[PDB]
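Colleague: Let's see this in three dimensions:
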Amino acid sequence: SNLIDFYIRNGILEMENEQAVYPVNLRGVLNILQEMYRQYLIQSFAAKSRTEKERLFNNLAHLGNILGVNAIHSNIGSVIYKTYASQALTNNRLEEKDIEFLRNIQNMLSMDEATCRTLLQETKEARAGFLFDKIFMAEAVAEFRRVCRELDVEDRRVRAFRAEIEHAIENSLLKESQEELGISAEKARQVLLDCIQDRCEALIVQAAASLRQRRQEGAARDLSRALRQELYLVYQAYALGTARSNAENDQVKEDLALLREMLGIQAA
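Modeller: Numbers count the residues shown, from 1 in each chain. Please find the structure below.
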């Protein structure tokens, strides 16, 4: 039966490749017929010795003889034999290492230029992990824009800005615009109003929270005034007004006024 069939397999009757085969199966777990070809095939894609080169592909033949074109399937094969070991060199270790291992990979395979037809297909989405869930960080969400250009070269503007906001605030002005321009290197360059509606609803919390009880809203000012009750907080502007006047340096002179012109411009 499938019992005299496997007993026909008693024909192929390898121990090695046979065992290894079924072994590669029952284990990994399945068309008794299927893996049969499978394992064999990649076993052939191996190193030659004129007669093994023969028995193998020769029985590899008696195989198609079994199944008995569909042989495009021997392409769905290496396909993953690639994709796997492929994206294997995924997480940035591109090198001459990839270069190296890779080729040789497609070597013990068929694969015409199709290589690329995946080389990136992989490298491609290879990013779709990171820059997709760029949230779980922002320096990475940017790290995408870092390398997610290196290889591959919609609220995509949201993080773009958020990662631009958090990064910019923590973080010259116009060449850093080039850092926010790294964002225009992902999103449009006209979404400053999703930037402003994104950098405006931030200043507040500092106003609301710094402004609450004992000593200062001078801090929530220094950093929130790092942008570009009513007179009460205009006193933090008064507070540093003198507190800042901690040197009366040439600049201290100009940064104190316009700034105090901002809390003053952002009057109330």
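
Colleague: From now on I want contacts and neighbour counts done on CA atoms only, so please keep to that.
Modeller: Fine.

Colleague: What residues sit buried inside stretch 250-258?
Modeller: Buried positions in stretch 250-258, judged by neighbour count with 16 or more other Cα atoms under 10 Å: residue 256.

Colleague: Equivalent analysis for stretch 83-95, please.
Modeller: For stretch 83-95, the neighbour count (16+ other Cα under 10 Å) marks 83, 86, 87, 89, 90 as buried.

Colleague: could I have that stretch exported to CSV, CA atoms only?
Modeller: Written as CSV, here are the backbone C-alpha positions of stretch 83-95 (Å, rounded to 0.1, in the frame of the first residue of the first chain):
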residue,chain,number,x,y,z
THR,A,83,14.1,34.7,0.9
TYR,A,84,15.1,32.8,4.1
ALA,A,85,18.9,32.7,4.1
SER,A,86,18.1,36.0,2.2
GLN,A,87,16.4,38.2,4.6
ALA,A,88,18.5,36.1,6.9
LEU,A,89,21.3,38.7,6.3
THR,A,90,18.4,41.1,6.9
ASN,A,91,18.9,43.0,10.1
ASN,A,92,21.7,45.3,8.8
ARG,A,93,24.8,43.1,8.0
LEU,A,94,24.6,43.8,4.3
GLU,A,95,28.4,43.8,3.7
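
Colleague: And for stretch 167-184, what's in contact with it?
Modeller: 138, 139, 145, 157, 160, 161, 164, 189, 223, 226, 227 (Cα atoms under 8 Å, 6 or more residues apart in numbering).

Colleague: Is the third one within a helix or a strand, and which one?
Modeller: Here residue 145, judged by DSSP states H and E, is contained in helix 139-147.

Colleague: Please report how far the closest residue in space to residue 80 that isn't next to it in sequence lies from residue 105.
Modeller: Distances taken as Cα to Cα, 6 or more residues apart in numbering put residue 86 closest to residue 80, at 8.0 Å, once the chain neighbours are dropped. Residue 86 sits 9 Å away from residue 105, going by Cα to Cα, to the nearest Å.

Colleague: Now for those two: what residues contact both?
Modeller: Between them, residue 86 and residue 105 share no contacting residue under Cα under 8 Å, 6+ apart.

Colleague: follow-up on the earlier one: among the contacts of stretch 167-184, which pair sits farthest apart?
Modeller: By the measure Cα to Cα, 145 and 223 form the most distant pair in these, at 26.0 Å.

Colleague: Neighbour count for those two, which is higher?
Modeller: Between residue 145 and residue 223, residue 145 has the larger neighbour count (other Cα atoms under 10 Å), namely 19 against 13.

Colleague: show me what contacts that one?
Modeller: Here residue 145 is in contact with 182, 186 (criterion: Cα under 8 Å, 6+ apart).
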